[PDB]
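Okay, so here's the structure we're looking at.
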Amino acid sequence: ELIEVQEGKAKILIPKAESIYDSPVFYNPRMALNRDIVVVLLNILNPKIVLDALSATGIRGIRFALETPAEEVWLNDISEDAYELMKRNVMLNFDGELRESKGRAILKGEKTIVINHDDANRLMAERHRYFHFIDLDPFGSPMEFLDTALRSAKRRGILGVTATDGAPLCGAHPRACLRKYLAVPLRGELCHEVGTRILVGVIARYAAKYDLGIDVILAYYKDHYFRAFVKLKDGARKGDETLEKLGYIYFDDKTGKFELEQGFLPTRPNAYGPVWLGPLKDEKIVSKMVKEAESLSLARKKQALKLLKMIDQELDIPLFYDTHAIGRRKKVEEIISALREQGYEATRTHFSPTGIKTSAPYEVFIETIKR
Ligand SMILES: Nc1ncnc2c1ncn2C1O[C@@H](CSCCC(N)C(=O)O)[C@@H](O)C1O
């Protein structure tokens, strides 16, 4: 029936089954890294009232309460069996008695834990402008909840969205991408960043009508999923400035050369987007994350540090050059060094193991790898 496992400072019971998609209550251990990062981040932004929209086993919210400054943690899931496993796992990491009720339970101890058996769109809708932080971790696309989450979070709240929607976001299913994200995807060596930027840009677009803009705290790709942490800005002016960060991409698949164009609409044919052409991180914050992550007991510390450091030293410039792909048409360390000697900025990128982000033009990049 149930197996007791441990993640971070959390001890939970998960159903034992053939695969993760076969257990009555979902739990993907590979997502431990995803939860480490949000924990590291929360230990910086220090949100007071947080929400684990689609909790499943309750692991995320449970780690929120045990490993972060969060004072009021809300756990929610539409599934009855999940709700029951959530209540159990909560009482497995916290003391006192759970004052349960019809599909709703509460625990008022050092931290306040609100466990809910409800539909996320229903809960969030009841909780208008209530959370400092909301974490959306759905099966694939978050579009079904995005709009309601933008109304449930404080006008200055933080929104965490994950998208395991690789197929549409990476160009495999262009028509599916158009329906869910209202953007024309780009496949190929760049689809990892473009997919991430499409994600940020759709949040930016949905937030604008509430006269809200965004600041990307951190956005990255990893293990086939897209993560986006954004800070909401109050004001039509902020909203307008956000939409101004949107743009389109032009890509020559024969050469690997790409071009960017800032604007709500493109002005040339064969445009990819719209996508977020703004920053993909808040360097000041990401740097602290590396420091914080080192002083925390995460579930996958080594990988968490390895990923955070990569992003920390990474250039925040749109797109990059994949040495392997272009090669088809030397070592990355050597190319980077040769680029820096000439005075250009160049760094590795978490998007690709052979990718290089640089301020050098396509042409110079090609000349340099040839020398
Ligand atoms: N409308 C809805 N409201 C609340 N939960 C929903 C929902 N639609 C689907 N779900 C569900 O979302 C799941 C996503 S799996 C989620 C995992 C996670 N947060 C972690 O770190 O483990 C299931 O438990 C489930 O029943």
Practice task
Answer with yes or no whether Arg122 is over 25 Å from the mean Cα position of the chain (by Cα) and either within 11 Å of the ligand (Cβ to nearest atom) or assigned by CATH to the domain that holds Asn76 (or both).
Solution key: no
Practice task
Could you run through region 205-227 and say how many residues are hydroxyl-bearing (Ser, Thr, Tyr) and either buried (at least 23 other Cβ atoms within 10 Å of the Cβ) or assigned to a strand (DSSP E or B) (or both)?
Solution key: 3
Exercise for the section: Output the number of the condition that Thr349 fails; it satisfies all remaining conditions of (1) surrounded by 15 or more Cβ atoms within 10 Å (Cβ to Cβ); (2) of a type in the set (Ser, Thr, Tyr); (3) over 30 Å from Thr242 (Cβ atoms). Expected result: (3)
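Mind listing whichever residues of region 40-68 are over 21 Å from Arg155 (Cα atoms) and either in a loop (DSSP other than H, G, I, E, B) or not hydrophobic (A, V, I, L, M, F, W, C) (or both)?
Of everything in region 40-68, those that are over 21 Å from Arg155 (Cα atoms) and either in a loop (DSSP other than H, G, I, E, B) or not hydrophobic (A, V, I, L, M, F, W, C) (or both) turn out to be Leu54, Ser55, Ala56, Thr57, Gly58, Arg60, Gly61, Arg63, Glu67, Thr68.
Give the residues of region 34-52 that are in contact with a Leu (Cβ under 9 Å, 6 or more places away or on another chain) and buried (at least 22 other Cβ atoms within 10 Å of the Cβ), sorted by residue number.
Hits for region 34-52 are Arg35, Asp36, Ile37, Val39, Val40, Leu41, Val50, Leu51, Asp52.
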Exercise for the section: May I ask you to verify whether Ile37 is within 18 Å of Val161 (Cα to Cα) and either more than 19 Å from the chain's Cα centre (by Cα) or within 11 Å of the ligand (Cβ to nearest atom) (or both)? Expected result: no
Practice task
Take region 16-32 and flag every residue that is more than 11 Å from the ligand (Cβ to nearest atom) and touching a strand residue (DSSP E or B) at 6+ places or on another chain (Cβ under 8 Å).
Solution key: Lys16
Fill in the blank from the handout: Pairs returned, first residue in region 89-110 that is among the charged types (D, E, K, R), second residue that is surrounded by 15 or more Cβ atoms within 10 Å (Cβ to Cβ) and not in a strand (DSSP E or B), beta-carbon separation under 7 angstrom, 6 or more apart or interchain, are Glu100/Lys87
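Restricting the search to region 8-22, which residues are buried (at least 20 other Cβ atoms within 10 Å of the Cβ) and either in contact with a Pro (Cβ under 8 Å, 6 or more places away or on another chain) or under 16 Å from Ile158 (Cα atoms) (or both)?
Hits for region 8-22: nothing passes.
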Completion exercise
Only one of (1) more than 10 Å from the ligand (Cβ to nearest atom); (2) buried (at least 24 other Cβ atoms within 10 Å of the Cβ) does not apply to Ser55, and that is (1)
Exercise for the section: Give me a count of the residues in region 69-100 that are in a loop (DSSP other than H, G, I, E, B) and within 14 Å of the ligand (Cβ to nearest atom). Expected result: 2
Problem - Every residue from region 188-221 that is over 14 Å from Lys281 (Cβ atoms) and touching a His at 6+ places or on another chain (Cβ under 8 Å) - result: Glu189
Handout entry: Top-ranked residue of region 258-270 - restricted to ones that are more than 18 Å from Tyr206 (Cα to Cα) and touching a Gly at 6+ places or on another chain (Cβ under 9 Å), ranked as surrounded by the fewest Cβ atoms within 10 Å (Cβ to Cβ)
Key = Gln262
Exercise for the section: Go through (1) within 12 Å of the ligand (Cβ to nearest atom); (2) within 19 Å of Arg227 (Cβ to Cβ); (3) not in a strand (DSSP E or B) and name the single condition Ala167 misses. Expected result: (1)
Problem - Condition met for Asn116 (touching a strand residue (DSSP E or B) at 6+ places or on another chain (Cβ under 9 Å), more than 9 Å from the ligand (Cβ to nearest atom), within 25 Å of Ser23 (Cβ to Cβ) and of a type in the set (S, T, N, Q)) - result: no
Problem - Failed item in (1) over 19 Å from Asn93 (Cβ atoms); (2) within 11 Å of the ligand (Cβ to nearest atom); (3) touching an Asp or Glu at 6+ places or on another chain (Cβ under 9 Å), with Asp135 passing the rest - result: (1)
Handout entry: Elements of type helices (runs of 4 or more DSSP H) in region 228-347, at least 2 residues being within 23 Å of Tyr362 (Cα to Cα)
Key = 301-313, 323-328, 332-341
Exercise for the section: Mind telling me which of the residues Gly140, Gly160 ends up being more than 17 Å from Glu72 (Cβ to Cβ), within 12 Å of the ligand (Cβ to nearest atom) and not charged (D, E, K, R)? Expected result: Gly140
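Numbers and lists here come from the model and the stated rules, or from a named source; no laboratory instrument gave them. Cβ coordinates were reconstructed from backbone atoms using ideal geometry, including for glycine residues, and neighbour counts include every protein chain displayed.
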